[PDB]
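The next block holds one structure in the form of structure tokens; read it before the comments.
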Amino acid sequence: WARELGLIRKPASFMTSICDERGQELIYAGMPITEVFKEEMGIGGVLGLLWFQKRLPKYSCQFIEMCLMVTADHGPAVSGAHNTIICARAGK
Amino acid sequence: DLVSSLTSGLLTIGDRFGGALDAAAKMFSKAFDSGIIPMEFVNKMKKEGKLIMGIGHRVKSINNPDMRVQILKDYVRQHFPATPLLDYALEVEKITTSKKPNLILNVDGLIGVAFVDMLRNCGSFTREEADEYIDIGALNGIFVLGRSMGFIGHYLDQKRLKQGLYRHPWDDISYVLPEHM
Amino acid sequence: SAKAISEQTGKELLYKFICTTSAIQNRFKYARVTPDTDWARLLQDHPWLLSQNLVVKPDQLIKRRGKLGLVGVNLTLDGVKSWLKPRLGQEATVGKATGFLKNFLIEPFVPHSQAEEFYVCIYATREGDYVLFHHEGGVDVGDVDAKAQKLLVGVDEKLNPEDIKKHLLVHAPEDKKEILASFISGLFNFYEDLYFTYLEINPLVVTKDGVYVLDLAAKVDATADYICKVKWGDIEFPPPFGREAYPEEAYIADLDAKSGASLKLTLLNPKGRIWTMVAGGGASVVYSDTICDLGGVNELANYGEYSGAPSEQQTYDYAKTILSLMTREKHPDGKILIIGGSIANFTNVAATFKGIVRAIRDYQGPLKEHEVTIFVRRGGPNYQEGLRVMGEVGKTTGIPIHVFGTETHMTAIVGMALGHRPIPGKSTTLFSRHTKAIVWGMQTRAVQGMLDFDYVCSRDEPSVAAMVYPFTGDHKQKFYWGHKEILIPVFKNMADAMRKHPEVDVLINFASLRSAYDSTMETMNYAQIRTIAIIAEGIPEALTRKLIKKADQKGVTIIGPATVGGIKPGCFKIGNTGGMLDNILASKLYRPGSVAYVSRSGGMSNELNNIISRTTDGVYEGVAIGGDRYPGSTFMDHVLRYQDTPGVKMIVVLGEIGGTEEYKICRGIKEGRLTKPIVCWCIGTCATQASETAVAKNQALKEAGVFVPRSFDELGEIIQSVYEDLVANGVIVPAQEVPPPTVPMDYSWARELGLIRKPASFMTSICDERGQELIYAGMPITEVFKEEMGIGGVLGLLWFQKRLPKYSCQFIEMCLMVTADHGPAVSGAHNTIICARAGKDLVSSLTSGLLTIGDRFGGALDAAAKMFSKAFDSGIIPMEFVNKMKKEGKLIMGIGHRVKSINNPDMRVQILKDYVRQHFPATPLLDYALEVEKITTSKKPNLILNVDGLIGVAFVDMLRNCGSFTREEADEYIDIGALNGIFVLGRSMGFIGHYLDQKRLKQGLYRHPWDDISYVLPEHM
Ligand SMILES: CC(C)(COP(=O)(O)OP(=O)(O)OC[C@H]1O[C@@H](n2cnc3c(N)ncnc32)[C@H](O)[C@@H]1OP(=O)(O)O)[C@@H](O)C(=O)NCCC(=O)NCCS
Ligand SMILES: CC(C)(COP(=O)(O)OP(=O)(O)OC[C@H]1O[C@@H](n2cnc3c(N)ncnc32)[C@H](O)[C@@H]1OP(=O)(O)O)[C@@H](O)C(=O)NCCC(=O)NCCS
């Protein structure tokens, strides 16, 4: 009540310049979610919005998706995939 | 569950929280084997702009001291033969509390210098073992294994109070977004 | 603070760090004789005592021992042994001080004539250093300023021996003229290199063999240890020669040592009636001055302070020591306790009063038994509630307590106490409403105070353009402009701030003493900065004289070296001057007045704001110049700066004892320079060089047309008289009190004074970290270590919040010893080894091993407890339980092994089973589990009771069969997972061991070869 009638004051931590969840639309970096889906940017476009806070050009967006496609699975011999298999086989 | 709650608490024991246990041993033993005075070690450490690890604490001061530092000091004075690095660290502590009262020699610095004393002034560690166990990280493990009891205690307590999901209210945030990206 | 050093350490530093080609003599030939010293070690350590002639003299900072006759001259070893018998342990009398003699210095006696002894004295002043030399030294010189040749060497400049011969050695002997210049130049170089202040070598004796130094005297700038601790070493600063300290005085000295505040106590009279426990620097000397000026010279008991916001425990200890010192003697006329103080800056008055009234309620019986009268005056934030708390304790205890606030004059409290009255070129316009500053450093409290002042003084533009901090990168700090939230950029280097903001002209230097000099020397070469305020403290006198010199060169004015700043109402405020916005709005410092003032200390500036506010129309521009030795701008520069401003109508000046500046005020007003009415008072008369004392400044200023009150009780009366004369003459036209803008206060301040009531999450019934002792479950950490409960005991405190019995604590230590490492084959140890071989770190290796302890690995600690305790509370015979877990699938958890079967036990289940059967009273569930294992060993021999099942059933049995668990907490912890906690905390030792061991064998990255994979991929998806 004392801040709704506007008299108290509060220093607020956690500055977070990404993804304002309040309001009538889920705004990303500066661009709303309906603009994200109308401008037809893939997940590379929202990687540019959330991580870099820039609307990256449409060749860099496809390059970010190409990087997330080639840095997918590379066999289960390697150590991280091996630990995931050990924890899945322990049924976690 | 227990392992995910304790584990998501244990993945913050880094350099600012609780991982000063090894850097307050490496720094205080790298400035004791290249022997300077404490009053020049502090000058060098401020001149380089880096933090003296294991000398600062957010909430405790000299007018509000933490007692767990005193319980360890009164043990390492008696049962420990020949502990000079702790005396060096106490010298640096009072040099820094003469300026700012906030900067008090932590338990994360007292355990580091007392463990270097216990490794290199008791038996069975010569000088390559007792420096390998500082370089490898056997002093962060003391903090992680000690604080696991507290984190499991906090999991059990928040499980027994039947508390709900946490939401962190928007009046503690101040979103500072760009204009229109 | 330049303080004295002993002759032994002076000669030690001289003989060790001198750099001369001259023949120095008697190097490291001196002996220190104490009352506690022996003689065999002395003869073995210094052999020259058995070879030469000896001169012994007391070194307890005794001045002019020749005029007193305490010097042993030309004696043998038995000569000094027979002469030191009435000198060691006898209370000597020197000047006006009778004190113990406990220190003597022995020198080799030298042969010398009257024409060999000279006088060298290098003492520091504001412009530079004075090298004073006299060709006729000794004790009977007398006139130390009327005969000798002086030479002023400027700051940041060197002294050449040709200049010594030209100005200083004109009347030296010719057979000493070549070596004396070398010794004086080396002595000056050593003086400048070790940061002394006043070095007096008398009497120096240059003879044919070399140079002897008979007596020495030296004061060293004690705050230059951060630059010269390697050259000083362990300096033992001696106290002045006087009476030995009382143990309570030494107790408060120890409190000041181990505290962060300033806790001073000195008992002038342990029998008298007037005790004064007054917080503040200048507040204590002002209260003792108006005790002295009201007939209380002889019966003033103590004087001291508790300044700089002490903790509640520390102010309780100080007030307890004062209330115990005023208790042991009786005074039937009546004892008076003046718990005074000025307006505090930011401290909540109710907390310090809470400490003092704890010390009062601890001494209420003796305080009524000894007829005390407590007079309290305090101001600042929440002084209303603080004085109301003190009035509540005065009502409830029954002792007379008289609380006064900002409405009272500062020292009329001691007026109504003793029975005297009843109890009821440089610039001028430095600061403007377009003046933007640059703060240097992370001082967000001071910057938010300045921005709150800029809001409330009706100023449309913030007076912090940017902050500068090189230890972090460039970012944008979040600050509060009224209700609004603004971003203020903190820059790494000052070049970016002076590039993007060319409108600034003032840098507020909040760097510490180890970076303030370099920061303002980096600042002073920038053209836009025309004033510099250095708020730090500890900066040495040599570095601040170099700052004064470069400020006079570059034309900037400096209000730095130990200050709080200075406030110009309506335009600007330097950091933390004034205090909170409560103080700014109560003292009406938001609209421009017509009075200017100068002070030296920053503690009396708030009282000056209060007095001018209550008795005048406001303050136009007020400045405190600093609490250092050589202030960056003295009183006369600010009075001349006030003279050229069209807004000032009168000027108040608050001076102090020491330093000749009010004489410059006298000469400036007499030589036709000052016209506006000056009011002044020099605080701290209290004299119970005599040409620069406070009564000298008062008698000098009273005659010279300056309005000077008699005591400090009448300062506001004099200022009100001068103001009502100036409003009768029609020059002062007071404006109308426009209402200011309002700021919201603070969530922290509103909860501290207690009117907000926010609901708090995170209920946490464990480990109260706050307060003074790390409290565990309900028991402090000192009781944890005193009652010898191990890590099982602190597990019972943190996890279960009960005091577990000593067999159960040792049982939990036994469980954490058996559930440690069990080989690296297992899933969690394997994951820890793979993350350690991928070179990660301890917490990610242990953590990614700990994320396997679920159901199939580490789940038998809890499943074999829930199973054996569900099927024991349902009343089932062990044969029926084995058959019930047969028809439903469901192999019994906690039963089975791979090798150790029977007549070949587990040998770590046997240790736990032995401990439980020997120590646990009334263990039914282990006996039920042993009946089940006796039934199921008949099927297969290797169906022995596992250790993961035995710890489960022994733990459930311990919880529901020992004390302090009922039965519904005793299976609540089983349901929540205290057994999973036992396994995870046990196996963490093994996983950290595996991390360290794979880090120590220096293993490489793991690849898991394709011979052990067998890909079973589809055909073409
Ligand atoms: C833990 C820590 C963040 C707490 O410090 P803090 O109370 O927040 O102090 P702040 O960072 O708010 O204030 C910064 C000022 O104090 C200085 N300072 C703070 N901690 C310092 C430290 N350990 N060593 C040297 N200087 C320190 C900063 O240099 C800076 O100086 P300045 O006044 O000239 O600007 C910090 O001291 C630290 O990182 N210590 C090393 C890690 C550690 O020991 N952690 C155990 C306790 S959590
Ligand atoms: C048939 C044979 C292979 C079975 O041997 P086995 O040791 O009983 O092996 P099993 O796996 O069947 O034993 C499991 C038993 O222990 C029980 N058990 C196993 N794990 C259990 C657990 N955690 N908890 C409770 N019970 C468990 C099982 O329920 C079962 O008991 P059940 O009979 O009540 O069902 C054995 O008898 C044999 O070797 N026969 C060949 C001999 C021969 O003729 N040789 C040729 C002549 S030269």
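General observations
- For B:27-40, mean number of other protein chain Cβ atoms within 10 Å: 1
- For segment A:12-22, the Karplus equation 6.51 cos²θ - 1.76 cosθ + 1.60, evaluated at θ = phi - 60°, returns couplings of 10, 7, 6, 5, 6, 6, 7, 6, 5, 7, 7 Hz by residue, with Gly and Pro reported as x.
- Amide hydrogen proximity for C:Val464: with H placed 1.01 Å from N in the peptide plane, the residues at 5 or more positions away or on another chain lying under 5 Å are C:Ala437.
- Degrees separating the helix A:79-89 axis from the principal Cα axis of chain A, which is the longest one: 90 degrees
- Proximal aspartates and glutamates to C:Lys176, defined as alpha-carbon separation beneath 20 angstrom and excluding residues fewer than eight positions away on the same chain: C:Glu116, C:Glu117, C:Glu136, C:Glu162, C:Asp163, C:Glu200, C:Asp209, C:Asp215
- Overall form of chain B per C-alpha gyration tensor (a/c, 1.5; a/b vs b/c): prolate
- The protein assembly as shown: C-alpha gyration tensor shape, a/c 1.5 cut-off, then a/b vs b/c: prolate
- Length-normalised contact order for segment C:360-407 - Cα pairs under 8 Å, 6+ apart - percent: 49 percent
- Over 27 Å between alpha carbons, listed pairs B:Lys159/C:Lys884; B:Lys99/C:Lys492; C:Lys3/C:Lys258; B:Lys94/C:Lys63; C:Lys67/C:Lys264: B:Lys159/C:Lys884; B:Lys94/C:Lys63; C:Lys67/C:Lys264
- Tensor-based shape of segment C:527-677 (alpha-carbon gyration tensor, a/c under 1.5 rounded, otherwise prolate or oblate): oblate
- Placing a label point 7 Å from the Cα of C:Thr444 along the Cα-to-Cβ direction, the residues of segment C:505-531 whose backbone N falls under 20 Å of that point are C:508-512.
- In this structure, the residue pairs whose Cα-Cα separation is over 28 Å, taken from C:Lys16/C:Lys219; C:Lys16/C:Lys177; A:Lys58/C:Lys476, are A:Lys58/C:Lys476.
- Efficiency of FRET from Cβ geometry, C:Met1021 and C:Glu392, R₀ 60 Å, rounded to 0.05: 0.15
- Taking C:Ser587, B:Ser98 and counting other C-beta atoms within 10 Å, the order from fewest to most: B:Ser98, C:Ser587
- Mean separation of Cα contacts under 8 Å (6+ apart) over length of segment C:181-311, as relative contact order %: 19 percent
- Label point distance in nm, C:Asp140-C:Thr429, each placed 7 Å from Cα along Cα→Cβ: 6.7 nm
- Set of segment C:85-120 residues, backbone N closer than 15 Å to the point 7 Å along the Cα-Cβ line of C:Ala253: C:99-103
- Phi-based couplings in Hz for segment C:302-312 (Karplus 6.51, -1.76, 1.60; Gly and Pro marked x): 10, 8, x, 7, 9, 10, x, 6, x, 5, 5
- Highest-first arrangement of C:376-384, C:967-975, where packing means the average Cβ count within 10 Å: C:376-384, C:967-975
- Per residue, the average separation of C-alpha pairs within less than 8 Å and at least 6 apart gives chain B a relative contact order of 31 percent.
- Segment C:305-342 and segment C:909-967 have Cα centres spaced 64 Å apart.
- Proximal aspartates and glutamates relative to C:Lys320, as straight alpha-carbon distance under 18 Å, when same-chain residues fewer than 8 apart are discounted: C:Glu248, C:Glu249, C:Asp254, C:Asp256, C:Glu305, C:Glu312, C:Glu329, C:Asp362, C:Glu369, C:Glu371
- Cross-link pairs C:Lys786/C:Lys806; C:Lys870/C:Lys890; C:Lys806/C:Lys934; B:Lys46/C:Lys554 - those with Cα-Cα distance over 20 Å: C:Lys806/C:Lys934; B:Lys46/C:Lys554
- Residues whose amide H falls under 5 Å from that of B:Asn63, counting only those 5 or more places apart or on a different chain, are C:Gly260, with hydrogens built in the peptide plane.
- Restricting attention to the protein assembly as shown, close to 55% of DSSP beta bridges with both partner residues there are antiparallel.
- Separation of the C:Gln1003 and C:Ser938 label points, Cα + 7 Å toward Cβ, nm: 4.6 nm
- Treating r as the C-beta distance of C:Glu329 and C:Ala690 and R0 as 22 Å, the FRET efficiency rounds to 0.05.
- Taking the DSSP beta bridges with both ends in segment C:438-567, the antiparallel portion is around 35 percent.
- Legend: mean number of C-beta atoms from other chains within 10 angstrom of residue C-beta atoms, peptide C:967-978, equals 2.
- The residues neighbouring B:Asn140, those whose beta-carbon lies less than 14 Å from its own, together hold a net charge of 0 under the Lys/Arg +1, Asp/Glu -1 convention.
- Span from the segment C:653-708 Cα centroid across to the segment C:968-987 one, whole angstrom: 78 Å
- B:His168-C:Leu513 pseudo-label distance in nm [points 7 Å out on the Cα-to-Cβ vector]: 4.1 nm
- Sites C:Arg751 and C:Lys271, calculated FRET efficiency, Cβ-Cβ separation with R0 41 Å, nearest 0.05: 0.35
- Comparing Cα centroids, segment C:182-238 and segment C:831-846 end up 60 angstrom apart.
- Summary: within chain B, the longest segment free of trypsin sites (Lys or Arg not before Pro) located in DSSP loops with at most 12 other C-beta atoms within 10 Å is B:78-126.
Quick reminder, even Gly has a Cβ in these numbers, built from the backbone with ideal geometry, and neighbours come from all protein chains shown. Here, each number is a calculation from the coordinates, and none is a lab measurement.
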